[PDB]
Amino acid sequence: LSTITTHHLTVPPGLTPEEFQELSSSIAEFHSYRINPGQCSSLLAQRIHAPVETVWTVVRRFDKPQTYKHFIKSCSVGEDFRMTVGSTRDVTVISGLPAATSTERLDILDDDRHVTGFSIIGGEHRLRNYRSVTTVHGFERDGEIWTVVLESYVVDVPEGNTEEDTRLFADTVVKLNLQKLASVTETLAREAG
């Protein structure tokens, strides 16, 4: 029947064991899912050489996912958009197939603890019933500072797919976007203001 994900019990790719020991409680709190047959879930991590609030300024921009995500043609949120849970955005995906809008809802926004998350509620692409959470975490060693971003998701495995058909694809895209986030925010850090 249903199971609970175990992302909080092993070191995810891109994280060191030292860093995992610090984040184990956070992974249990925000990156645990109850999962059924026909779904898959994964946790991805990315180290960034920038301060936490620099990274968070980009991660929290629900109306501009294209700032750090690939394969987005445009993103629209209409007239009276405010950054509040329950809001939606219309993402036009670069798919190589006809025009496809992904309607996505903001599920979480915590500026104090640096957690956000969203749900794909409509759209004919390869990520049905997709739901994901992103959290941002600061680290220090001998005066040096860095950030770790954790991003997890749950998603449907389409009939005819193997779980790995879907997990490898979703992992590749999330990982590519985190690499872009790292590049964009490290550049922001190097240039300051």
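Think of the rigid core as the biggest set of C-alphas that the two forms share within 1.5 Å after superposition. Start at 1 with the first residue shown and count on from there.
Taking the root mean square of CA deviations in 4 other deposited structures of this protein after fitting on the rigid core, 123 to 131 and 66 to 74 differ, and the farther of the two is 123 to 131.
For the segment pair 46 to 54 and 156 to 164, the entry gives 156 to 164 the higher mean B-factor, averaged over Cα atoms.
On average the C-alpha atoms of 79 to 87 have higher B-factors than those of the other stretch, with 113 to 121 and 79 to 87 being the two compared. Ranked within its chain, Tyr130 lands in the lowest third, by CA B factor from the PDB record. In this PDB entry, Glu144 carries a Cα temperature factor that places it within the highest third of its chain's modelled residues. When the modelled residues of the chain are ordered by C-alpha B-factor, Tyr33 sits in the highest third. Annotation for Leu106: CA B-factor lies in the lowest third of the chain's modelled residues. Sort the modelled residues of the chain by CA B factor and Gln21 lands in the highest third.
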